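Protein chains in written order, with the entry's author numbering: chain D, 64 to 151, 153 to 193, 203 to 218, 239 to 263, 282 to 390, 392 to 413; chain C, 64 to 102, 112 to 148, 156 to 191, 204 to 217, 238 to 262, 282 to 413; chain B, 64 to 150, 152 to 191, 203 to 218, 236 to 265, 278 to 413; chain A, 62 to 149, 151 to 191, 202 to 218, 234 to 267, 279 to 415; chain F, 65 to 102, 112 to 190, 204 to 218, 239 to 262, 277 to 413; chain E, 64 to 102, 105 to 149, 152 to 191, 204 to 218, 239 to 263, 282 to 419. Reviewing the structure listed below.
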Amino acid sequence: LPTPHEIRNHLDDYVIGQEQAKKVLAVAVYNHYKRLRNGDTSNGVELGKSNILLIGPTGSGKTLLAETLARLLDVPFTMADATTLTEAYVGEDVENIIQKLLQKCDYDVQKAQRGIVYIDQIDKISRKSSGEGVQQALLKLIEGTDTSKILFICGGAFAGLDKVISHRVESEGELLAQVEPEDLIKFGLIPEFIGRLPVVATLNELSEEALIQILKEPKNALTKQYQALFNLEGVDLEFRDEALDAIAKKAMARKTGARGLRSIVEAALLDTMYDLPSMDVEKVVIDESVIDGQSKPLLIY
Amino acid sequence: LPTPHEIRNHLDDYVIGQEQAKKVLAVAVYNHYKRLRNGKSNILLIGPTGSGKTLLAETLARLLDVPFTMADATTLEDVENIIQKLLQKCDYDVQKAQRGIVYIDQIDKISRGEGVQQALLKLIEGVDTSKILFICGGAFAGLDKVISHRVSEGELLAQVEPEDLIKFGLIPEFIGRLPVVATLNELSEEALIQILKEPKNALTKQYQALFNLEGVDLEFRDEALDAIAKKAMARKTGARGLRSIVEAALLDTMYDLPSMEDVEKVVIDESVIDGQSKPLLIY
Amino acid sequence: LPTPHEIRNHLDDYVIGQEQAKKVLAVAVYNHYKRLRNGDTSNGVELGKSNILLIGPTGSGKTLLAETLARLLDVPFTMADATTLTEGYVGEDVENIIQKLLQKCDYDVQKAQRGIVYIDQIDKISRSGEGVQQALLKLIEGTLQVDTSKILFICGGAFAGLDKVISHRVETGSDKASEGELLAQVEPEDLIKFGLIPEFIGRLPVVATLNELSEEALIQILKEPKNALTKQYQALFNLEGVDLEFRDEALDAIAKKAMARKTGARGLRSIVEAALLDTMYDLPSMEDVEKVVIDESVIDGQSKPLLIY
Amino acid sequence: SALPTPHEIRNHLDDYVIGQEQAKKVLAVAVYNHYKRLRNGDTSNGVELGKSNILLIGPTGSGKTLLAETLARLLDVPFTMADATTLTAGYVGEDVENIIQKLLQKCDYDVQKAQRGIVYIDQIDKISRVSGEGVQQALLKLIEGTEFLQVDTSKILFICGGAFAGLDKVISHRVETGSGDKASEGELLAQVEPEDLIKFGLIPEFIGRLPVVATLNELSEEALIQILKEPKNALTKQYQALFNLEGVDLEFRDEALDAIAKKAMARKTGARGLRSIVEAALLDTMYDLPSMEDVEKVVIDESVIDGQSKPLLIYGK
Amino acid sequence: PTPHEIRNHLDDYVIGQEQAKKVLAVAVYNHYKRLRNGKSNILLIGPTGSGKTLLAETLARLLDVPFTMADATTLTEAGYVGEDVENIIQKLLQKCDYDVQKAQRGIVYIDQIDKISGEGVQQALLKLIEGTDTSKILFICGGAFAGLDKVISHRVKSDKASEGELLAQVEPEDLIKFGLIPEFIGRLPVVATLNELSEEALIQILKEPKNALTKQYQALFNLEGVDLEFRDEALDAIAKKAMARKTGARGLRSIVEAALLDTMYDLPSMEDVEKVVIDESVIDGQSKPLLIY
Amino acid sequence: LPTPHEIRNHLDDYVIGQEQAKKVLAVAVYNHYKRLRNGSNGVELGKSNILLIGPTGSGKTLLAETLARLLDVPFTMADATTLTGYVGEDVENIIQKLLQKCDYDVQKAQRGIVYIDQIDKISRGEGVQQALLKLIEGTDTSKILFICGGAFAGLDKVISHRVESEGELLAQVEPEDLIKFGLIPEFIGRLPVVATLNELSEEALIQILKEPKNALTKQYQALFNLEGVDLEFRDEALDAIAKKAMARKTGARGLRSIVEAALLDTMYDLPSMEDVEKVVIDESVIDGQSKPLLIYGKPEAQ
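Have a look at this one:
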């Protein structure tokens with residue numbers, strides 16, 4: 064098994080920032096499978112399963128984190144939506161997420177027990193005051218009937254949670288750290304459900320400096336990918352710092368997070384990529401070319 | 064023998080606050096044994121987890137030198160096992176056994204357990240399980256809301291009525307056997323402390339087993355457990371906020387533990403409440 | 064066997080009011096056991112078993128009535144809650161009722177067949204709850237090896253909603281006399297619209313309605329029954345060598361307050377105990393001759409009981 | 062032994078049920094053919110015999126339920142009732159098996175007897191068309217066939248009774264659309291075709307399994323009267339036997355019986371509301387009867403419909 | 065044969081449906097005309122017993138071309154549907170004498186395609215319409251489409281629109297909303313509609329199918345040791361009455377059961393050799409079936 | 064390889080309008096195969114599957130088939146509706164149907180293009208998105244290009260609810294807009310390239326009837342040609358067909374049904390008469406009133 068140190072390190076390669084949330088997941092995950100290999104019992108005491116609750120803005124990395132730690136653990140992974148299952153056959157449907165897990169699991173019961181399950185938009189199922206019924210149906214899953242062995246991760250934006258925390262205690284990232292199970296209670300989640308989610312991870316909103324960092328530093332960074340594309344044409348693609356900043360700015364205005372990044376970049380390079388193979393030594397993308405879209409990239413011969 | 068005045072006085076030494084609940088327990092208990100000495113009233117404890125429910129029960133049993141036994145509704156013929164468990168601590172003396180006290184925890188959990208209510212009810216009535244006093248504790252997390260709807283949370287509990295319990299999930303015949311109802315508003319620091327270490331699945335025990343897989347011995351100093359309870363009462367989350375407090379104090383330690391060779395680890399309070407110092411590491 | 068007349072007379076001693084319902088029960092009961100003694104068959108035709116359905120507000124005497132008529136017939140009695148039957153199929157729960165009957169019956173099959181079974185809160189299972208009606212329905216008919241046929245079944249229920257559906261039907265293509285007068289017009293189909301299945305209602309031919317207890321009734325309940333609250337507390341204060349007296353105005357005040365809460369005779373004890381709590385607490389530490397509870401002490405709770413030395 | 066001819070089966074139905082001659086003729090044939098098929102086997106000869114489950118259509122309290130119970134009795138065959146509204151969640155298919163185990167219980171756990179058994183589903187019109205429709209399809213798997236007995240629900244006979252309040256109108260509209279004679283429910287229920295059930299809410303594949311359709315005529319005043327005295331377990335006979343244990347002779351003037359019927363028609367409960375009407379009229383009498391010395395008691399219509407007068411008491415001994 | 069000639073020959077086998085016969089004539093002619101010179114597939118939409126199957130079988134005879142029938146329901150709900158596909162081809166090859174040439178000229182009729190909209207079958211069945239060579243053969247898909255008439259109405277003139285006319289306004293989009301996949305409909309460019317039932321089809325339904333009503337009742341009467349016979353005129357009278365009610369093949373059983381009800385009732389109480397059902401017994405219901413001792 | 068310039072030029076010949084969508088496809092396609100040929106340098110290039118968003122009969126399917134032809138690459142179609152239990156066998160079936168037209172060659176198969184129609188239909204079905212998602216990545240289905248077309252009738256409204282003509286609005290489309298529509302995040306992330314199609318103009322419909330290689334007019338003219346007859350469509354007639362096609366809003370789809378109806382009678386009794394040529398006017402099409410004009414070849418008669 065990989066030490067929490069190792070797991071976090073490999074998470075740093077797929078996700079930028081969120082160091083705290085990653086440290087948490089690393090430990091929660093490590094202890095989880097460490098329990099399975101040794102058995103829930105022993106020694107004279109029954110260890111407790113520790114399902115995870117991911118709390119962060121949309122486009123923060125919640126889903127990616129889940130998919131990633133499943134990959135670096137060569138463990139079968141499956142996604143599900145709390146809203147898609149919110150209304151339906154009812155709870156009978158919830159068992160189907162197991163057959164979807166079994167499918168990617170090759171029908172092997174042992175690997176399936178190792179599997180990880182990510183439930184998205186769990187904050188949506190809580191009543192604003203049918204959705205609550207789902208929490209209880211999905212609650213039966215969390216315990217087991239065996240769904241016990243498998244790890245459950247539940248992500249959500251929790252837009253309102255931010256306010257109730259400020260209210261109870263009377282700085283966005285700071286407030287999230289102060290979150291308590293009772294705060295989720297006032298949000299709409301039932302006590303018996305939250306008790307099944309002991310491990311609570313908070314994800315900070317991406318900074319303008321973060322987006323910039325995401326554009327160039329990751330191994331699969333957008334800039335690196337396009338530079339490699341322009342590289343096949345024998346052309347050298349260069350992004351000015353001011354340009355990267357301009358992209359981030361525009362990405363925050365749309366509040367899509369790191370998601371709207373690629374769409375912004377591809378649009379700024381669309382024209383260039385089109386008539387490139389029919390003509392250069394290198395091409396330079398300035399902020400005037402990105403945010404304004406008025407000027408075409410600089411062409412060097 | 065002990066007057067209600069005297070009984071409450073002795074209760075004040077074991078639990079703090081809850082003057083009303085204690086006044087009620089004193090009278091209920093006094094009347095119960097007073098009717099036995101001269102030859112059908114029980115108690116229902118409603119309060120948050122860690123409010124002293126269990127302690128109060130255990131206490132009034134001690135100050136009455138009467139055999140005491142606990143039982144959990146979650147584990148409810157195990158019914159007859161509660162009497163033989165009472166008989167064991169009773170030395171198998173039928174007389175002392177009938178004077179015995181029985182505390183049932185988490186009865187609010189069995190209110191949809205409904206088949207348990209009837210089975211547990213036959214006991215309350217009537238070894239003749241008629242003379243023994245029954246005290247049933249429960250959190251009743253939902254009861255606070257139904258009382259409000261019947262038309282803050284502390285004053286509301288005072289207005290609780292058997293009908294409210296009916297809407298909660300308790301059957302009429304069961305509630306009729308629990309005429310006396312006492313409510314609690316505050317948690318007991320000592321209770322929380324007790325919860326952290328004494329239960330079979332106590333937090334401390336769980337983490338000790340976790341650290342055990344690493345071949346490391348985890349030790350909680352008493353001062354530490356008390357610092358955890360204190361903080362838990364400041365947030366008024368009850369026994370719920372306990373785990374979140376403990377995990378946070380052990381988070382760092384759990385992270386870089388599998389990468390070092392330690393004999394044992396000691397969590398002092400300065401590590402918990404202050405969070406300023408890391409646990410002590412012994413090689 | 065005691066004539067229906069005699070049965071009703073002995074019910075008058077344990078229950079206050081409800082003269083109509085008691086007349087019904089008396090007849091139903093009398094006919095039931097009269098059938099068992101002569102056999103369901105004969106002569107050339109099969110008599111029909113007549114289980115009862117009690118419909119009345121909470122704390123009106125439904126349970127007491129059942130318990131009582133069991134006593135004055137020296138017949139084994141057992142209680143059960145329809146709610147407990149819902150918590152799956154509970155075929156074992158359903159049959160559990162019989163072994164609990166057998167226990168109080170001394171394991172005697174004959175006495176068990178004579179037994180009476182009261183199911184409380186049946187209105188609660190009206191349309203997992205339905206499944207219970209059907210499972211409980213198998214009981215009513217019959218199958236320890238004991239046959240549940242011979243045994244009488246009484247099913248009580250508040251039926252809060254029933255009052256409205258009867259009005260919706262009996263209305264005229278308002279106002280209705282009263283809740284009690286409306287209950288009298290109750291019909292098997294009205295129970296149908298409430299949530300009870302036809303096959304179940306057909307097994308409950310005898311329908312008895314209970315009117316809300318009067319303030320004068322509540323007062324009567326506080327002092328006249330053998331186990332009256334006032335008598336119980338007077339005996340309690342008696343152990344301390346003190347004489348407890350309730351002024352008539354006080355008993356009235358208790359009733360008044362009990363009707364405001366609409367708990368019926370149920371909320372009586374909680375009211376009385378609250379008024380005497382303080383007094384019971386510091387009583388064993390003082391020397392009094394007697395104590396007097398006035399209406400100012402009960403309804404207002406502002407003044408403490410009068411202490412005589 | 063030998064099976065009872067349709068003739069014989071109808072004759073014995075006459076003893077327990079008043080009127081409904083046509084319906085009874087139908088059920089008789091449907092039932093006779095059913096068990097004749099089981100004895101001979103579904104296979105052969107050179108052709109596959111078709112199972113013929115029955116669909117009872119009649120107003121509430123018209124004898125649908127009784128008719129089912131009866132033909133079961135006179136065929137010494139295990140019988141079980143079920144309610145369609147109970148099945149209509152997802153554990154309906156499980157409760158389906160519960161109908162079989164409830165049959166098995168009364169069957170003495172014998173697989174052969176169970177296969178002969180009869181199953182009556184009440185209020186099928188209630189589940190008409202999404203959650204209700206699903207049940208039709210879940211109950212439809214039953215009709216065909218598949234602590235477990237592993238028996239095939241095929242062999243057993245299925246009867247499905249329902250009021251079909253709206254069905255009366257849709258049939259009229261089908262006939263009204265073309266050729267827009280007296281409306282008469284009777285000359286309409288007889289005209290009903292499977293497609294009419296379709297427009298009502300029943301799925302095609304379901305109706306196809308209910309090939310035999312027996313309709314029940316609304317009870318006349320005369321029928322009710324006839325029901326109160328002529329059947330073997332008639333109300334009057336039952337009460338007369340009750341009053342007989344007291345050594346008293348109970349008599350119902352014909353005038354009383356009609357007054358009961360009238361009142362029963364006003365409530366439109368059918369034969370159901372009959373017992374309730376009668377017991378209310380004899381309640382007082384039954385109460386103070388055991389405490390007095392009478393020769394006989396006479397119930398007049400003034401005692402029933404008006405309830406103002408108590409029964410006439412004759413003294414003798 | 066010219067489309068003129070083809071229609072003329074179709075008139076001799078089926079009555080009415082002049083329009084659908086005109087379309088079929090053109091679709092068929094164009095299909096084989098393109099083959100001779102080296112996807113004009115047909116979709117039949119009509120109530121059950123309108124002649125859909127008869128039409129397909131007929132134009133196959135008048136073109137001396139191998140014909141084969143298939144049921145979409147047999148294929149559905151299985152993974153061996155793709156294999157049963159080749160089974161349709163080998164079934165076509167058998168009646169074709171295993172001559173590849175004649176096989177490619179063959180016609181294939183798929184019945185109850187509206188039933189599968204089953205959607206995994208549309209795809210499986212689609213790969214056939216295209217080609218592997240199942241390209242040259244003509245495909246005709248029949249269906250009742252009971253729900254289709256309603257979606258066309260909703261798709262949206278005074279005095280409303282007759283059902284026989286509403287179907288003439290059918291469009292591929294309407295089929296889409298019905299349940300058929302776009303790629304499947306695109307392979308069935310030719311759509312023919314029928315407004316009238318076929319007396320001859322219904323008659324055919326009463327006696328020829330393996331589970332035919334007449335066969336069923338004959339077996340029932342067989343258990344009594346009685347021989348039940350249906351005179352041709354009787355079967356005809358049943359069909360007629362069935363068309364007046366426009367219930368289709370559905371209203372057949374109800375008609376037959378009524379004509380045999382009395383007889384079935386008092387049959388087990390008498391000793392007969394056989395029983396004959398005439399049209400006077402069916403349509404008029406005035407005379408009881410006829411009893412040979 | 065063909066430059067995006069060249070690819071777009073050849074698309075112009077088969078598809079009318081959609082200049083923007085075709086510019087996008089050209090780039091996406093070009094970069095895709097350019098990646099396969101080269102596999105570097107020190108960074109991993111990202112596969113760029115395409116998501117076609119446009120009304121029915123706008124050219125989505127045609128575009129896909131076309132760029133497959135002008136790249137001599139195996140092509141296969143599939144419908145997201147047929148994919149809706153798990154249908155793991157259906158999902159992989161798309162591969163064997165691709166292998167069939169691919170001649171069982173693994174290399175050509177990796178080059179293949181796959182078009183999934185009606186993806187908007189399976190929007191939150205979700206299970207299919209995830210099963211189809213495993214495809215997009217690879218298990239190798241990685242090398243092959245995926246194009247997913249959909250009408251997204253509701254998408255137009257949600258975009259307006261956020262951004263607050283139809284074609285101008287589609288240009289403002291964002292991955293989050295698809296999210297609110299019903300598509301799962303992990304699926305949209307696999308569809309980086311988004312192309313929007315404009316509604317076709319009447320001039321376009323007219324252009325589609327006569328100019329494409331498989332144009333309807335050409336197909337029927339070849340049909341009438343086997344009878345030795347010359348079929349001619351008057352400009353006014355082609356215009357009348359387009360008009361009627363726009364009234365039904367079926368797009369280029371309802372074109373054939375319109376044309377076939379106008380030539381039905383004629384095709385029926387044609388093989389039974391001796392004509393030189395046939396002229397279809399706008400009166401015969403939009404009105405359905407007058408039969409086509411029949412011109413008789415010189416006898417022949419004697």
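No residue lacks a Cβ here, since even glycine has one placed at the ideal position from N, Cα and C.
Original post:
Going by other Cβ atoms of all chains shown within 10 Å of its Cβ, with 16 needed for buried, is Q289 (chain C) buried or exposed?
Top reply: Within the second sequence, numbered from 1, the residue matching residue 289 (chain C) stands at position 159. It counts as exposed.
Original post:
Sorted by chain position, which residues of the same chain lie with C-beta nearer than 7 Å to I323 (chain E)'s C-beta, five sequence neighbours on each side aside?
Top reply: Here residue 323 (chain E) refers to the residue found at position 206 when the sixth sequence is read from its first residue. For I323 (chain E), where only same-chain residues beyond five positions count, the Cβ hits under 7 Å are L355, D356, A359.
Original post:
In chain order, what residues of the same chain have a beta carbon less than 8 Å from the beta carbon of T149 (chain D), not counting five sequence neighbours either side?
Top reply: On the first sequence, residue 149 (chain D) is found 86 positions in, with the first residue counted as 1. Only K188, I189, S203, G204, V207 meet the Cβ criterion.
Original post:
Could you give the C-beta distance for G122 (chain F) and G368 (chain F), rounded to a whole number, given that I count them as a contact under 8 Å?
Top reply: Walking along the fifth sequence from the start, residue 122 (chain F) turns up at place 49. Walking along the fifth sequence from the start, residue 368 (chain F) turns up at place 248. The pair is a contact, with the Cβ atoms about 5 Å apart (cut-off 8 Å).
Original post:
Cβ of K395 (chain F) less than 8 Å from any chain A Cβ?
Top reply: Taking the first residue of the fifth sequence as position 1, residue 395 (chain F) is located at position 275. Not one chain A Cβ lies under 8 Å of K395 (chain F).
Original post:
Within 8 Å (strictly less), CB to CB, does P409 (chain E) reach chain F?
Top reply: Taking the first residue of the sixth sequence as 1, we reach residue 409 (chain E) at position 292. Nearest CB-CB separation between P409 (chain E) and chain F: not below the 8 Å threshold.
Original post:
Does the beta carbon of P388 (chain E) come closer than 8 Å to any beta carbon on chain F?
Top reply: The residue given as residue 388 (chain E) occupies position 271 in the sixth sequence. Under the Cβ distance rule, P388 (chain E) counts among the residues neighbouring chain F, one pair being separated by less than 8 Å.
Original post:
Measuring CB to CB, does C247 (chain D) end up less than 8 Å from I296 (chain D)?
Top reply: Taking the first sequence and counting its residues from 1, one reaches residue 247 (chain D) at position 154. Taking the first sequence and counting its residues from 1, one reaches residue 296 (chain D) at position 185. No. Outside cutoff.
**OP:** Identify the continuous alpha helix (DSSP H) that holds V92 (chain E) and give its terminal residues.
**Re:** Here residue 92 (chain E) is taken as the residue at index 29 of the sixth sequence, counted from 1. Residues 82-101.
**OP:** Compare the C-beta of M142 (chain C) with all C-beta atoms of chain D and state if any pair is closer than 8 Å.
**Re:** Residue 142 (chain C) sits at position 70 when you count from the first residue of the second sequence. Not an interface residue.
**OP:** May I ask which residues mark the beginning and end of the alpha helix (DSSP H) holding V202 (chain A)?
**Re:** Within the fourth sequence, the letter at position 130 stands for residue 202 (chain A). For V202 (chain A), there is no enclosing alpha helix (DSSP H), as DSSP marks it with neither H nor E.
**OP:** Under the assumption that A143 (chain F) contacts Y182 (chain F) (Cβ atoms under 8 Å), give the Cβ distance between them as a whole number of angstroms.
**Re:** Numbered from 1 along the fifth sequence, position 70 holds the residue referred to as residue 143 (chain F). Numbered from 1 along the fifth sequence, position 109 holds the residue referred to as residue 182 (chain F). So it is a contact: roughly 7 Å between Cβ atoms.
Original post:
Does the beta carbon of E156 (chain D) sit closer than 8 Å to a beta carbon anywhere in chain C?
Top reply: Indexing the first sequence from 1 puts residue 156 (chain D) at position 92. Chain C contact via Cβ: absent.
Original post:
What is the rounded straight-line gap between the Cα of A332 (chain C) and the Cα of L244 (chain D)?
Top reply: Taking the second sequence and counting its residues from 1, one reaches residue 332 (chain C) at position 202. Taking the first sequence and counting its residues from 1, one reaches residue 244 (chain D) at position 151. Their backbone Cα atoms lie some 22 Å apart in a straight line.
**OP:** Between the Cα of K112 (chain B) and those of B:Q406, B:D157, B:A252, B:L214, spot the shortest distance and give me the residue it belongs to.
**Re:** In the third sequence, residue 112 (chain B) corresponds to position 49, counting from 1. Minimum Cα distance to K112 (chain B) is reached at B:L214.
Original post:
Could you give the residue range of the alpha helix (DSSP H) that holds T313 (chain A)?
Top reply: On the fourth sequence, residue 313 (chain A) is found 215 positions in, with the first residue counted as 1. Unbroken run through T313 (chain A) is the beta strand (DSSP E), 310-313; no alpha helix (DSSP H).
**OP:** Determine the extent of the beta strand (DSSP E) in which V397 (chain F) is found, giving its start and end residues.
**Re:** The count along the fifth sequence starts at 1 and reaches residue 397 (chain F) at position 277. First-last of the beta strand (DSSP E) with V397 (chain F): 394-397.
Subject >> Interface partners of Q208 (chain F) on chain E, CB under 9 Å >> reply: Here the question's residue 208 (chain F) lines up with position 122 in the fifth sequence. Residues of chain E passing the Cβ test: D144, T146, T147.
**OP:** Could you name the residues that DSSP lists as bridge partners for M142 (chain D)?
**Re:** Taking the first residue of the first sequence as position 1, residue 142 (chain D) is located at position 79. Per DSSP, D:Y182.
Subject >> Paired residues, beta bridge with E349 (chain F) - DSSP >> reply: Stepping through the fifth sequence from its first residue, residue 349 (chain F) is reached at position 229. For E349 (chain F), the beta-bridge partners assigned by DSSP are F:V396.
Original post:
Expressed to the nearest angstrom, what Euclidean distance is found between the alpha-carbon atoms of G249 (chain F) and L88 (chain F)?
Top reply: The count along the fifth sequence starts at 1 and reaches residue 249 (chain F) at position 143. The count along the fifth sequence starts at 1 and reaches residue 88 (chain F) at position 24. Taking the straight line joining both Cα atoms gives about 15 Å.
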